Structures are given as structure tokens and as C-alpha cells.
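# An overview of the molecular structure
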Amino acid sequence: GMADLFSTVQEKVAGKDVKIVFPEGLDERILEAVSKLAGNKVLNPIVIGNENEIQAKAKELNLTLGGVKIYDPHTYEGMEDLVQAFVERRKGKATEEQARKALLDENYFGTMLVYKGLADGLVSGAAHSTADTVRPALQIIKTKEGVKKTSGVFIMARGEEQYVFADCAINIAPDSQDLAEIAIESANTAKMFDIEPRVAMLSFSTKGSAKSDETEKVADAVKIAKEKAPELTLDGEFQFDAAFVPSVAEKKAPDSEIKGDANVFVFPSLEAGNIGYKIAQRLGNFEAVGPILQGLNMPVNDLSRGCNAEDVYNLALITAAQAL
Amino acid sequence: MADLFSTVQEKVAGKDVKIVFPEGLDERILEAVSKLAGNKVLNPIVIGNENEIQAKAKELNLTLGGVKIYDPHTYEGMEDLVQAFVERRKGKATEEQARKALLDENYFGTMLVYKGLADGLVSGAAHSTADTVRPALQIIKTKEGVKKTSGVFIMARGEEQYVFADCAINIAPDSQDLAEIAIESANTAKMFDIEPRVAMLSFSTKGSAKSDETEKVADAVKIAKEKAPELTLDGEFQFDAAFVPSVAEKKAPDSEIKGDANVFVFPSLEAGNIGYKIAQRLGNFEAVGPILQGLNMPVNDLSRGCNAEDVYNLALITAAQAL
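Residues numbered from 1 in each chain as written, not as in the entry; some residues may be left out. Chains lettered and ligands numbered in written order. Heavy atoms only, no water.

Per the PDB entry, chain B goes by the name Phosphate acetyltransferase and belongs to Bacillus subtilis. As recorded in the PDB, the entry bears the title "Crystal Structure of a Phosphotransacetylase from Bacillus subtilis". UniProt annotates chain B under Pathway with the comment "Metabolic intermediate biosynthesis; acetyl-CoA biosynthesis; acetyl-CoA from acetate: step 2/2." (UniProt positions renumbered as here; feature names shortened; annotations may be inferred.)

Under the PDB entry, the name given to chain A is Phosphate acetyltransferase, and the source organism is Bacillus subtilis. Looking at the Pathway heading of the UniProt record, one finds this comment for chain A: "Metabolic intermediate biosynthesis; acetyl-CoA biosynthesis; acetyl-CoA from acetate: step 2/2." You can read under Subcellular location in the UniProt record for chain A the words "Cytoplasm".

Okay, structure coming up:
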């Protein structure tokens, strides 16, 4: 179901020697995933932490660290160069002593590595707050060309059915400019899973039903998006009905690009987005793939604390894909 | 879900409850009204021109058995209704204004419900949801300690039965509103024989994220719990924590709700509307249309382009609210 969706991603990744950093080097979820990722030669994992400590941990887990490189921030050669690169990136917001201290942190150390090409993407989260990962991601690595913010999408899958849900994790109260962006970026992220983008901007009314600030926010969001990205198939201010079921599409709003065949649903607020994917998961019995960030210069992703060893493996597959 | 209605029809049938249907020339209502009277479930009152309705029912192969017809241009108590309206409008309406206002199906029918000539109204099949709720709030009003109405939905799939908090009326509810939506929704759940277990939803569980949005709800929980002690409801849950027990003891134990909520209060209209719909179209749950709550007398809004049976069930629900 969701599983063959990953085999499609692993297809694209495997054999390209993509390097992904895993800052939580002592976490068995990461060690197991890393150990196996290297074993099958899918990608080249880099782990951060004390080499002896990790080596011994891997052993009590009956693991081996085959094609796995280990970097210790208290040993790395290029630290001084990294320290210097960081201060330059922080534009004076960081002294040298600050930089040095900052980079002794797993997540920061690993983010700098991805920033300076020593790694292609980072994957942390199994033992940190979601902020502790996205923070450096935004201070060091930044958002792409015309992107101002990151968003968290979720791949929803149930059998043949595959959808993308727009920012159900990062941005709390997105505005018109934000939504339009969430929609454009989510549409591109869906390309990575070989989905043909058909965006629908959700709200509690369809193209006019109710007229309040909240509906106009999204309506405006559609203008912005359509203007900024003409070719992308997306119409806006739909209720889930109109966006998901065709009968309702021609009734509530015909003449619209979307004909009840939306496969990318942009939610109006984090409250809708979060409760949304969760209701779809627990009630609709859809498989839900955890937050996937988007719009950054280099791939960075947040695993769920208390996640799964296979969850670590797949995020890596997705993160590597974003890099390719 | 269908058996959920038989539970309501159980309570209603035989009590001679009178419900007004302002849209007298709508076949959805005529078919529903014709059938309700046919089974002697409730006593339907229809508004409009008698010859005109009588003739329309004829082209639908319907009879208007136990169905009373009121015409605003003929009703004998108009004068008294007009006067009662001006009094209720506390001077906001002149006499000429009231007279005109009451020639309107919805207003006329609302007045009947207000003066006891009917027990509840059911409109919406051919008017905006605003056009129904307007007079309901101008004439009839909210109960004792209620300030606003809320639109709940009954969600049903097989054995599963839940209530969804205001997915239709209030756009941007605040702490006081949410607490209310919760107490009222919980009561409305009693009507369907559901044992209330409210969960105030958000994007974080008892602390996860701290922003205005989470506090708004957290505050809502205080208000509600203080205002209504005995009601089992804990707050600021993510759908996980509220629906699946495994997630309850992890994200937040010691809480009254143990992943067994059956009344879900949404933080905003964007969340609630998108919510019940995703639950319906994706979760394959049966969703009964907006059911208003908290008013002095039952009033409900059908969806334009609804179903004849939809009208029939909304009447069952509205009659129940009157009992």
C-alpha cells in the first residue's frame, strides 16, 4: 500500500551514493536503520557521535557499521573551517566562541556538514523536539529561490489511493502568501512520489458559499498561486466535498479545473491540517507518512520521537530523494 | 445510522409534535410532510397558498392528509403576531415593518413557533442558512445561559457514533464560545442516547505547543470544567489522543479522556467543517447535516438541494429537540 510507494523512492535513490547525516548516533532506531541502509548499499550514511561509544552500542544491538562513516564534533578536522563558515553565515550574530559552542551540537554539526557539501541531507528527530531540528535548518541551510518558509507535508496512502496534505505540522496560522506557497511547494513535493499535481485549497465554503476573512484568505491565496504558477492545476476555496467527490464538484462549482479529483489538499490553518491528516489516518484507515519538510536548499527532515526503526529508514529514502 | 434515527423516531412518534415547514411549495418538503403525516409520526404545518400547494402536491402524487396549511396573507392571527413581533423587536421594527416582515415564510413560521402555535421549525431547502438562523435569533433566542448557537453533526459508521462541534455556524470561536459549544454539544448528544465524553481539539496535546491557539482551547477547558463539573471532558488534545487509547496514556495520562471521546469540539470553523467532511468522504462515515443547538425552541437548517428523506429525518430530530 504505502510500502510500494517507498520502493518507488528507493528506486530513484539506490546506487547514487547519496550521503545523509543522522545526528542521533547513539539511538538504536538510527543505528539499525543506518546499519541496514549501508548493508544494502542504498545510500551512504554518516552518523555523529563518539566513535568508541557508537561502535560499542552497535555491538550490543548485534549490528555492524559497514559502510557507515562516523564524525565526532570533538575530533572532526574541519571544525575550525566549519566554525568560520557558521559565523559567516550568521552574519555577525555569532561570535567565534559562540560558533564553536554551537557546532558542538549534533544537529548543528550535522547541518553544517550538509551545508558545506560534506553531506547531502540531514535526518534527525528521534530524540529531539521538532524545533531543535528545524532551527539550525533555517539558520544555516535556508529556503530556496522564491521560498520564504518551510511546510510539512504528509503522504497519505490507502491501497491505490495516494494524496498529499499541505502543512499539517510547521506553520501555525499561514496567510494568503504563505498558503499559495504551501500549495506550490507541496505540488512539487508530490512530483517526487510520481503523483500528478492537482491542488485544492481547502476552506469551509466553496467558491463563494460563505464570505468572511477566512474564506478570502484562501481565495486570495489561489490568486497569488495561479498568478505565480500558471501551469499548475489548482483552483481554490473548496470544501473537502467539492475537492474529493466529482458529483459535488459540478454542483458546488463547475467550470473549475478541479473536478473532484484533487490529490494535493492545502489546509487553511495548522489546526485544520493537523486534525485533518489524523482523522484521515485513524478514521479513514489511511497510512500516514510523518512530516516531510519542503522548500529548503538542502534536505532536512524530522523524525517523530518514539518513532520506528523502519520509519528512520524511509525518511532517509525520502530525504535522499529530495537531494537527488 | 438509519437505526440511530429509529431511536429518535421512537421518542417522537405519537406525541402530536407540531413542526413548521416554511417552504410549502418545495417537493422535498411536500414529500416529507406527506409521509410524516401519513405515518402519524408528527403533525406537520406547511406555509404558503392553499390552492397552490394543494395543486403542487397533486402533481407529485401526494395527499396532504394530516397536514395543516397556513397562508401569511390569510392567517387569522397575523395582527396578533405582528404586534408580538414589534414587542419582541423592542422598537427596532415599526408596525409597517413588522407586517412586511411577517409575510415572509421563515419569519411567519418562526413567529408561530414563538407563540406556541408550533413546536419547532425546519427550513433551508430553498433559503441560505443565514435566512433561517436570522429570524430564529431575532424572534426565538438562545436558552438560559447560552449566548450563541452551534451546528453539530452526528457521525455514524456501523456501531460508531460521534458528535462534531460546530462545523457550520460560528467562524472564529473564542475560549468562552468553545466552552459553550462543548457543554451544548454534550447535551445534544444525550438526545441520541450517547454518553458524553468531550474532547476539545487542537494541534497539540496538553502542552505540546504553546501559542495563543492552544491556550484559547486550554482556557476553554477551564471555563467548561468550572461551569459544568460533572461533564466528562478534558482538553487540548490532538485527534490521536482523543481517539486512540494507546496515544492517550502516552501523550497525556491522568486525563479523564482515555482515547475514548465521543464528542469532538473543533477549535475553529475551518477545522470543524473540513473535519466532518474528511471524516465523511474519506472515513466513509454517515454525516447528518447541521443540527442547531441552544435555542429556546427547535429550529433547523436543511441543505439546499437536500433529500426528501433528509427533510424527514431533520423533522424527527427537530421534534426530539422540542420534547
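Now that the structure is up, let's keep going.
On to the overall build of chain A. Within chain A, the secondary structure is distributed over 13 helices and 11 strands. In terms of overall dimensions, chain A is globule-like: its C-alpha atoms have a radius of gyration of 21 Å, near the 20 Å expected for 324 residues. Taking the principal axes of its C-alpha atoms as reference, chain A extends roughly 65 × 45 × 30 Å. The buried share of chain A, taken over its 324 residues, is 59%. Looking at chain A as shown, the accessible area adds up to about 13600 Å², and 45% of this sits on carbon and sulfur atoms. Across chain A, the mean location of the 36 positive side-chain charges is 2 Å away from that of the 49 negative side-chain charges. (Helix = DSSP H or I, 4+ residues; strand = E, 2+ residues; numbered from the N terminus. Rg over C-alpha atoms; globule rule 2.2 N^0.38 Å. Buried < 20%, exposed > 50% of the residue type's maximum accessible area, 1.4 Å probe, protein only. Areas by Shrake-Rupley, 256 points an atom, 1.4 Å probe, with all protein chains shown as cover. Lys, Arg positive; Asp, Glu negative; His and termini not counted. Charge placed at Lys NZ, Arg CZ, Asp CG, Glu CD.)

All names here are of chain B. In terms of domain boundaries, chain B breaks down into domain 1 (1-141 + 296-323) and domain 2 (142-295). A C-alpha centroid distance of 30 Å is found between domain 1 and domain 2. At the junction of the two partners, domain 1 supplies 17 residues and domain 2 supplies 19 residues. Both faces combined, the contact of domain 1 with domain 2 buries some 1700 Å², and carbon together with sulfur accounts for 65% of it. Summed over the shared surface of domain 1 and domain 2, the result is 1 salt bridge. Close ionic contact of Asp 193 with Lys 11 constitutes a salt bridge, the shortest N to O distance being 3.1 Å. Counting every contact that joins domain 1 to domain 2 gives 5 residue pairs in polar contact. Going through the elements one at a time, α1 (2-12), β11 (299-301) and α13 (308-322) are the ones with two or more residues in the side of domain 1 that touches domain 2. Counting residues per element, the side of domain 1 that touches domain 2 draws most heavily on α1, which supplies 5 residues. (Domains from an automatic or database assignment. Contact = heavy atoms within 4.5 Å. Buried area = accessible area lost by both parts, 1.4 Å probe. Salt bridge = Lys/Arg side-chain N within 4 Å of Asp/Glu carboxyl O. Polar contact = N/O pair within 3.5 Å; in protein donor to acceptor, adjacent residues only side chain to side chain.)

Residue and element names in this part refer to chain B. Two numbers describe how helix α2 (residues 27-38) lies on α13: the axes approach to 8 Å, and their chain directions differ by 55°. Taken together, α2 and α13 sit at an angle that is classed as oblique. Our pair here, α2 against α13, has a crossing hand that is right-handed. Here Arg 28, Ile 29, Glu 31, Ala 32, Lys 35 and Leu 36 of α2 lie close against α13, whose contacting residues are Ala 308, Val 311, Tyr 312 and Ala 315. Here the residues of the contact of α2 with α13 are counted per class, giving 7 nonpolar, no polar and 3 charged. (Axes fitted to C-alpha atoms, helices over the stretch in contact; angles between N-to-C directions. Parallel < 35°, antiparallel > 145°, perpendicular 65-115°, else oblique. Left-handed = near helix turned anticlockwise from the far one by under 90°. Nonpolar A, V, L, I, M, F, W, Y, C, P; charged D, E, K, R; others polar.)

Moving on, we come to the sheet that holds strand β3 (residues 68-70) of chain B. Residues and elements named next belong to chain B. What the 5 strands build is an open sheet, ordered β3-β2-β1-β4-β11; its pairing is parallel. Each end of this open sheet is capped by a strand with a single partner; those strands are β3 and β11. Pairs of neighbouring strands in the sheet enclose a mean axial angle of 25°, with direction left out of account. When strand β1 (residues 18-21) meets strand β4 (residues 120-123), the two strands line up parallel, connected through 2 bridges. Its bridge partner lying in β4, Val 20 is registered against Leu 121. On the sheet, α2 packs against β1 and β2 (43-47) and is oriented at approximately 150° with respect to β2. (Pairing = 2+ DSSP bridges.)

All names here are of chain A. Pairing is parallel in the open sheet, where 5 strands are placed in the order β3-β2-β1-β4-β11. The sheet is open, and its two borders are formed by β3 (69-71) and β11 (300-302), each paired with just one other strand. Adjacent strand axes in the sheet meet at a mean angle of 25°, parallel and antiparallel pairs treated alike. The sheet contact formed by strand β1 (residues 19-22) and strand β4 (residues 121-124) spans 2 bridges and is parallel.

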